[PDB]
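# Residue-level structure breakdown
Next come the chains, spelled out residue by residue.
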Amino acid sequence: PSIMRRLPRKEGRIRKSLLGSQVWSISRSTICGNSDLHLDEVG
Amino acid sequence: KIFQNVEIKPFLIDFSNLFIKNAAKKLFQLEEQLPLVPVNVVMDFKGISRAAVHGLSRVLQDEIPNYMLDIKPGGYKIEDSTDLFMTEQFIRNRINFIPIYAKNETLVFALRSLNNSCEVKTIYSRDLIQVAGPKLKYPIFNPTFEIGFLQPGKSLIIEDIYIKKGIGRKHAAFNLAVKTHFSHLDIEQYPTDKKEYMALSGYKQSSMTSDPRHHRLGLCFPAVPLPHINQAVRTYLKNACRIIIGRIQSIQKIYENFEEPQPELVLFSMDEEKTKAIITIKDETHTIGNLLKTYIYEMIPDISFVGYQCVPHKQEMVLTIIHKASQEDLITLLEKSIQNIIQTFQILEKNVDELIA
Amino acid sequence: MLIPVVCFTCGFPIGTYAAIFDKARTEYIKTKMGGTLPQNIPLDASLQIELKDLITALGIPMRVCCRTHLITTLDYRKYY
Amino acid sequence: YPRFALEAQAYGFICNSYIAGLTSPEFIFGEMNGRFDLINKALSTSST
Amino acid sequence: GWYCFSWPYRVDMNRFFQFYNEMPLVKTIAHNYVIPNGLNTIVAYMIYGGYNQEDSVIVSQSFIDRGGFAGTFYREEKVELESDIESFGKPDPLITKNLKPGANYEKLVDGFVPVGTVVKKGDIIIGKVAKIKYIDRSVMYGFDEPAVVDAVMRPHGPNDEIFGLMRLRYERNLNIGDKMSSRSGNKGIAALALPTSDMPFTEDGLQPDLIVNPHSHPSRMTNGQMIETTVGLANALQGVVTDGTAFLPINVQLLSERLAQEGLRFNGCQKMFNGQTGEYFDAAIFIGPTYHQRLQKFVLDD
Amino acid sequence: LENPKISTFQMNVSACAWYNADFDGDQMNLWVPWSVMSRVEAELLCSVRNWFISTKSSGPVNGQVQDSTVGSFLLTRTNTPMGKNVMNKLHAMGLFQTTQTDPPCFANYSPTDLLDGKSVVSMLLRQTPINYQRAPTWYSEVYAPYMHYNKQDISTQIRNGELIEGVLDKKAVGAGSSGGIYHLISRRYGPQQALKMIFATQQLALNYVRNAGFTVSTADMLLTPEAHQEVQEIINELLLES
Amino acid sequence: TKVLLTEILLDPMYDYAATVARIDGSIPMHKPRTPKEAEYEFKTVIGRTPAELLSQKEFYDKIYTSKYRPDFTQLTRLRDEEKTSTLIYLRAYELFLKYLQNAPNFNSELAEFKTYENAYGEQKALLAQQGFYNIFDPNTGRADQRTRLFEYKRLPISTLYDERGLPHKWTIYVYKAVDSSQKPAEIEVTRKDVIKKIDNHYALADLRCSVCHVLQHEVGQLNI
Ligand SMILES: [Mg+2]
Ligand SMILES: [Zn+2]
Ligand SMILES: [Zn+2]
């Protein structure tokens, strides 16, 4: 374990914590077809 | 006579086949027909719209109240059911779909299967013992259903198997009739064997233009007692009619209160002396919507618009009627159409009584 | 794990004839099997085992779905 | 196929349609072509 | 499918036991060595309202209620102790510390929830307190869908120390968002479920279990799925099961003439009616038994 | 969606072009803005009407896909195996009962009057009158020698919202079609109005196939015995030249 | 006592012996509900009291032994099939117990019963057959071999070149009128002109070469 190994890679500090972010108030699910919804609507 | 020329025939076991005869004799000691048989009914309707006949078919399929066998919570005795493969979900799914011809909602059954042998033992529906209700003078289901099987030294105890009532569109175990035939007898047909016609339906008129009014509808009922077939089928038919009438009558209760602000009906006064009416009935299907649209359209040939969209994810029927009359005239025509529907199905019920003797 | 009580597609009561259709079917196969080990029946390349008339003798209609689910359903008792 | 075969079939010419079915050598040559579609799809994510 | 023949004796994690399996009407030599996994669903290749576009499918709700692709899904809860510090038992609010807020400790019996009870989110399934007066090292059921406790046991580990093993079961029907596939690799997501009176039906009463878009074929060229439906259509009526192994000699022209010998049409298409309106289509529809399989991608888990 | 049994994110198939998505097992994220500032910004900037026109290619992103492309062709087709492609008043009214627009007026029509697909389409495109004249995807010089094209189907012409002639297919109504019906509606009435017309025309196309029917079978892929002999005569000439 | 009970209740041997004890009624068909029932079931199955089990050093010597001792010498192939299944089950349990106890002369008996159970499994495999069908060629009497596969054939060289040696270019479409009264009888057009000169009153008869001006169907009249 070192201080400067926290930085470099995709799982590092810069790319995982600063350039991206874990967030609250978000949802995920499989998407599905529905022909009764308008193009600007989501079920 | 809208409904004439019914024909009824049961589905029976052919005991002239040696394999079937030997298997039936060795398994259940079965020598004659089972107490409950499937019954095919073919009906001819004349001078009636496709909407009414198809609504009757749909109601007889999965919109008529019907009975099944279910397990009350706690009925599956975990302490006593030692079998590892006969789970509650599996056995409950099996039992729910046994077709019954029940007389009352008070009968309660039980299943107490013990396997004291070194071979797997099959649990049949003849092992369903009645434990509550008046003693049955005739079985309500066949005894030849494979409910399950127990490994050697295992048990299956299920109590409180009761009769549950519902409609098939909620759970398929309440479905009643299976479709076996539907045709229009007043539309000519092609010979579809020929390779020049095999990609077409067969009717010589397009569905976008044709208006058939003479139909043949054939439905099969899964479990009807042998000595009372005519009594059962007739009942079913009449029941369906009443069901439809009831639902239509509910909408008759809406139009009668159009002066009072009511959520199921919205009236608008548009331009060019045109009145718009929107009827939103929750938990209604294409049966009543199609009936309403067809009969309003027949009552008002020169209507500006009528539609009945039923969206699956909204779970309601929305009927839109745009007509160049005032609100009062529109409501009057609406009750006239509803009365025509009621009269049609009352005539259907009378013909059902007149045909099946 | 068994032949379903009703047809999965239309709901015709297939199950009430399932057990019988089991036993009879085996007997029928015993007539047509012929000098071939049982586990090699699906490999014989000379067999003509048709159950159409056997199912018809049970009263089951000529529906594609019902006969499909009756003929093709696996039995857990026969593999365990 | 033999060594220095001159026929067109030996080098990936599939004479059959899908509705008629491919033979074993035709299916192998078709699997060679179809494997690239899977490889290039997996590469089109990382390379892009 | 039947993922294991000894499933009741196992406490496995994320395992699914599908109840009903069928041999394909058009089987192969691979089915002499492994159990088939799937059902011979009746499939209509048609446009029905636009709900099966872009690789979606329309499923019969009745087919779902009857047990089609239904099964039981299993999860595991293995909890370990610290030797002579931790123990299994129901905590008490007036002694123990940092209990989880909004947790239901009332379902525990001697530290374990009894077998046969329904556990929902926030229920404590295994009680565990460490002696400092006490700190609550409990396990809370953090899943949206409720489960049922299927088996509870206290086996002995490699160090001869007690750990708690719990098996939780889920009654998994087919539901919207679950993935199905044919043996030709044409997968799909269940998009709409219709009642038995809304599905299309043929003149002879046949109705589909799945409705798949015809637009999934032309760009993918999964012709073995269409030939299987053509062959299996005559197999059902003839009461037979045939072999459709790859590289066996076939003639689609003769397989189509086999349909006309059984009273059907050459193309296997039939006159169908719209179940919602009762109106016939101005086109015969290709409908027949196609073997479909349920892929173990559950929307309830994703 | 009030049904408790539904766990999926449902969207219109014509909205899949924004996300390069389909329904073979894709999963998508969804977060709802709660703060006022982010909830204002979602409406005014990030609404999907702001990307009907591609920033990458400067063309429309959305259109008909796979059921309303062939459904529009079948609806606007001049002739049918049953004769002329017409429908009575009741079935013409039924095409508009799902479009969720204001229904047109059918009062000047007897129950036995027949309306064709071009009249029904015109009743919808009158609200956003555009001008369009291109040859459809249906016409190809590749098929012309071996097919009898109808002279009323190979020239799509719309003036002021009235479909004078021709069929509607991928060229006019397809997704990503530059200069198409929805690209022209967006340039004249806005990308939000174009999205309404993609939905409204998709309901007309799907409601036509609701009793026209569309299927694919195995016999659709089968050459006749005489034609199979002609294909392997062609292949034998290739192997002869080889 | 508790650790011994927990160790043994999770032993598959214990559940197998308990099943054999239930089959002949030595123990109740349901699981124990009380400490007394559990102790009685343990005493019957294991053959020793849990407290007495520690006392000694044997474990397998007194495990249940089925009550009915059928004659397994009729397992020598010699209301029989259900009896055969019963004999298979009991013999399997008895040999399992023998293997646990390392009883002398076990391997030979094990192989013998393996042969017996292979025969029994063959019978069960017969029971587990759905059927099978082969589409026969009527001309033959066996599985159909007719196919629509491609079949190579060396065509005449005249199908590619004319009598002057130049290649064919099939680029003239020849249309004949379906109706006899229609005039002109034939129209020859190029691909770009078909939409301009041909209607449904004509049908495509044949192609034509643009070099030697021969019909495709009359290419065999060229001297090879
Ligand atoms: Mg995908
Ligand atoms: Zn069926
Ligand atoms: Zn030439």
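For each chain, numbering restarts from 1 and follows the sequence as written, which can differ from how the entry numbers it; residues lacking coordinates are not listed. Note on labels: chains are lettered from A, ligands numbered from 1, in written order. What is shown is a subset of a larger assembly, and the numbers refer only to that subset. Side-chain metrics in this entry use all non-hydrogen atoms of the structure; hydrogen atoms and water are not considered.

- Method of determination, as annotated in the archive: cryo-EM, at 2.68 Å resolution.

### Overview of the environment of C66 of chain C
Residues and elements named next belong to chain C.
- Considering the arrangement of structural elements, one finds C66 in helix α3 (residues 64-72).
- The class of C66 is buried, set by a relative accessible area of 0%.
- Counting along the chain gives 53 residues from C66 to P13, while the straight-line C-alpha distance between them is 8.8 Å.
- Residue contacts are defined here by distance: any two heavy atoms, one from each residue, within 4.5 Å place the two residues in contact. Sequence-distant contacts of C66, that is, excluding residues within four places in its chain, are made with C7, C10, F12, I14 and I60. Each helix is a run of DSSP H or I of at least 4 residues and each strand a run of E of at least 2, with the numbering of both proceeding from the N terminus. Classification of residues uses two cut-offs on accessible area relative to the type maximum, computed with a 1.4 Å probe and protein chains only: under 20% is buried, over 50% is exposed, and between them is partly exposed.

### Observations concerning the nonpolar core
- For this analysis, a nonpolar core means a set of buried residues of the types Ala, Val, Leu, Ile, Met, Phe, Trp, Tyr and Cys, connected via side-chain atoms within 4.5 Å. By size, the foremost hydrophobic cluster in this structure holds 130 residues, and its most contacted members are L60, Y255, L319, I321 and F345 of chain B together with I181 of chain F.
- Per-element accounting of this core gives the leading share, 13 residues, to helix α4 (residues 229-255) of chain B.
- Contact partners of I181 of chain F, with chain neighbours within four places excluded, come to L125, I130, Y132, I158, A172 and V173 of chain F.

### Comments concerning the coordination of the zinc ion (ligand 2)
Residues and elements named next belong to chain C.
- Atoms of type N, O and S within 2.8 Å of a metal are treated as its donors, and for Na, K and Ca the window is 3.2 Å; water is not considered, so some sites may appear to be missing partners. Looking at the zinc ion (ligand 2), one finds its protein donor set to be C7 (SG), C10 (SG), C65 (SG) and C66 (SG), positioned 2.3 Å from the metal centre.
- Classification of the site at the zinc ion (ligand 2) as tetrahedral follows from its 4 donor atoms and the range of 99 to 113 degrees in their angles at the metal.
- When the donors of the zinc ion (ligand 2) are listed by position in the chain, the intervening gaps give C-x2-C-x54-C-C. Of this pair, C7 sits in the segment before α1 (18-32) while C65 is found in helix α3, placing the two residues 58 residues apart along the sequence.
- Taking relative accessible area as the criterion, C65 reaches 1% and is therefore assigned buried. Each label reflects the angles at the metal, where four donors whose angles all fall between 85 and 135 degrees are tetrahedral, four or six donors whose opposite pairs open beyond 155 degrees and whose other angles stay between 65 and 115 are square planar or octahedral respectively, and the rest are irregular.

### Notes on empty space enclosed by the protein
- By volume, the largest cavity is sized at about 240 Å³.
- The biggest single contributor to the lining of the largest cavity is strand β3 (residues 66-71) of chain B, with 3 residues.
- Classification convention: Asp, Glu, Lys, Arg as charged; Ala, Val, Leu, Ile, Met, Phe, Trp, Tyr, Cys, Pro as nonpolar; all other residues, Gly among them, as polar. Partitioned by chemical class, the residues of the lining of the largest cavity number 16 nonpolar, 4 polar and 1 charged.
- Here the term cavity refers to a set of points on a 1 Å grid, laid over the protein atoms alone, in which a 1.4 Å probe fits but cannot get out; the term pocket refers to an open set having protein on both sides within 12 Å along at least five of seven lines, with lining residues being those that place an atom within 4 Å of a point. Grid points are joined across faces, edges and corners, and a volume is the space filled by probe spheres set on the points. The space that makes up the second largest cavity amounts to roughly 90 Å³.
- The wall of the second largest cavity is formed by 14 residues, among which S72, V121, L168, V173 and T201 of chain F lie closest to the centre.
- Of all the secondary-structure elements, those providing two or more residues to the lining of the second largest cavity are α3 (68-76), α5 (117-125), α7 (181-189) and α8 (191-212) of chain F.
- Along the lines of polarity and charge, the residues of the lining of the second largest cavity split into 10 nonpolar, 4 polar and no charged.

### Topic: the interface of chain E and chain B
- Every contact between the two is made by 44 residues of chain E and, on the other side, 45 residues of chain B.
- Contact with chain B buries surface across chain E, with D65, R265 and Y280 of chain E losing the most and accounting together for 16% of the total.
- For this analysis, a salt bridge means a side-chain nitrogen from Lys or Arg found within 4 Å of a carboxyl oxygen belonging to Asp or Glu. Here chain E and chain B share 2 salt bridges between them.
- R50 of chain B is paired through a salt bridge with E279 of chain E; the nearest N and O atoms lie 3.7 Å apart.
- Polar contact is defined as a pair of N or O atoms within 3.5 Å, subject to the rule that within protein one atom must be able to donate a hydrogen and the other to accept it, and that residues adjacent in sequence are counted only when both atoms are side-chain atoms. In this structure, the connection of chain E to chain B is made through 22 residue pairs in polar contact.
- Looking at the side of chain E that touches chain B, the elements with two or more residues in it are α1 (61-65), β5 (71-80) and β14 (163-172) of chain E. Summed over both partners, the accessible area (1.4 Å probe) lost when two parts come together is defined as the buried area.

### Topic: the environment of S47 of chain D
- By the secondary structure assignment, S47 of chain D is in the segment after α1 (24-46).
- Each C-alpha atom, one on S47 of chain D and one on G12 of chain D, is 29 Å from the other, the two residues being 35 residues apart in sequence.

### So, the side chain of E146 of chain B
- Structurally, the position occupied by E146 of chain B is in strand β7 (residues 146-150).
- Take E146 of chain B: its relative accessible area is 4%, and that puts it in the buried class.
- Looking at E146 of chain B, its side chain comes within polar contact range of the side chain of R77 of chain C, at 3.0 Å.
- Not counting the four nearest positions on each side in its chain, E146 of chain B is found in contact with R94, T122, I123 and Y124 of chain B together with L2, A18, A19, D22 and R77 of chain C.

### Points about the interface of chain F and chain E
- If you look at the interface, chain F gives 34 residues, while chain E gives 45 residues.
- Taken as a group, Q66, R210 and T218 of chain F account for 18% of the area that chain F buries against chain E, more than any other trio of residues on that side.
- Here chain F and chain E share 1 salt bridge between them.
- Between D24 of chain F and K187 of chain E there is a salt bridge, and its shortest N-O distance comes to 3.6 Å.
- Our enumeration of links across chain F and chain E arrives at 13 residue pairs in polar contact.
- When residues in the side of chain F that touches chain E are grouped by element, the largest group, 6 residues, is from α8 of chain F.
- Along the lines of polarity and charge, the residues of the side of chain F that touches chain E split into 16 nonpolar, 13 polar and 5 charged.

### Some remarks on the pairing of strand β4 (residues 108-114) of chain B
All names here are of chain B.
- Counted residue by residue, β4 has 5 buried out of 7 residues, so it is predominantly covered.
- DSSP bridges decide pairing: two strands pair if at least two such bridges lie between them. Bridge count between β4 and strand β6 (residues 128-132): 4 bridges; the pairing is antiparallel. Bridge assignment links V108 to a residue of β6, and that residue is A132.
- Two strands pair when backbone bridges link them, and β4 and strand β8 (residues 155-166) are joined in this way by 5 bridges, in the antiparallel orientation. Looking at β8, one finds that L111 is bridged to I158.

### A closer look at the environment of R91 of chain G
All names here are of chain G.
- As for its position among the elements, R91 is in helix α5 (residues 81-101).
- Here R91 falls in the buried class, since its relative accessible area comes to 15%.
- Distance from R91 to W170, taken between C-alpha atoms, is 81 Å for residues 79 residues apart in sequence.
- Setting aside residues up to four positions removed in sequence, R91 forms contacts with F72, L75, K98, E109 and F113.
- Reaching out from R91, the side chain makes a polar contact with the side chain of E94 at a distance of 2.2 Å.

### Considering the sheet that holds strand β2 (residues 186-189) of chain G
All names here are of chain G.
- Ordered in space as β2-β1-β3, the 3 strands form an open sheet in which the pairing is antiparallel. Of all strands in the sheet, those bounded by a partner on one side alone are β2 and β3 (202-209). Pairs of neighbouring strands in the sheet enclose a mean axial angle of 25 degrees, with direction left out of account.
- The pairing of strand β1 (residues 170-177) with β3 spans 7 bridges and is classified as antiparallel. Paired with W170 across the bridge in β3 is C209. To get an axis, a line is fitted to the C-alpha atoms, and for a helix only the part in contact is used. The angle between two axes follows their N-to-C directions and goes from 0 to 180 degrees.

### Some thoughts on helix α6 (residues 107-127) of chain G
- In this analysis, the expected span of each helix is defined as 1.5 Å times one less than the number of residues it contains. For α6 of chain G, which comprises 21 residues, the first-to-last C-alpha distance of 30 Å matches the rise-based estimate of 30 Å (1.5 Å per residue) to within 8%.
- Of all the residues in α6 of chain G, the buried ones are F113, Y116, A119, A125 and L126 of chain G.
- Where α6 of chain G is buried, its residues contact α1 of chain C together with α5 of chain G.

### Some remarks on the coordination of the magnesium ion (ligand 1)
- The protein atoms that coordinate the magnesium ion (ligand 1) are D24 of chain F (OD), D24 of chain F (OD) and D26 of chain F (OD), at distances spanning 1.9 to 2.6 Å.
- Overall, the relative accessible area of 17% leaves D24 of chain F in the buried class.

### A short note on the pattern of salt bridges
- Tallied over the full model, the rule gives 53 salt bridges over all chains.
- Among the salt bridges present, the one from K78 of chain C reaches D22 of chain C, with a minimum N-O distance of 3.4 Å. In this pair, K78 of chain C is assigned in the segment after α3 and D22 of chain C in helix α1, connecting sequence segments 56 residues apart. Here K78 of chain C and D22 of chain C have matching classes, each one buried.
- Residues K107 of chain E and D123 of chain E are paired through a salt bridge, measuring 2.7 Å at the closest nitrogen-oxygen approach. Pair noted here: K107 of chain E is in the loop between β7 (96-97) and β8 (118-119) and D123 of chain E is in the loop between β8 and β9 (124-126), with a separation of 16 residues, a long-range link.
- Several salt bridges converge on common partners, so that one network encompasses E146 of chain B together with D22, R25, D75, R77 and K78 of chain C.

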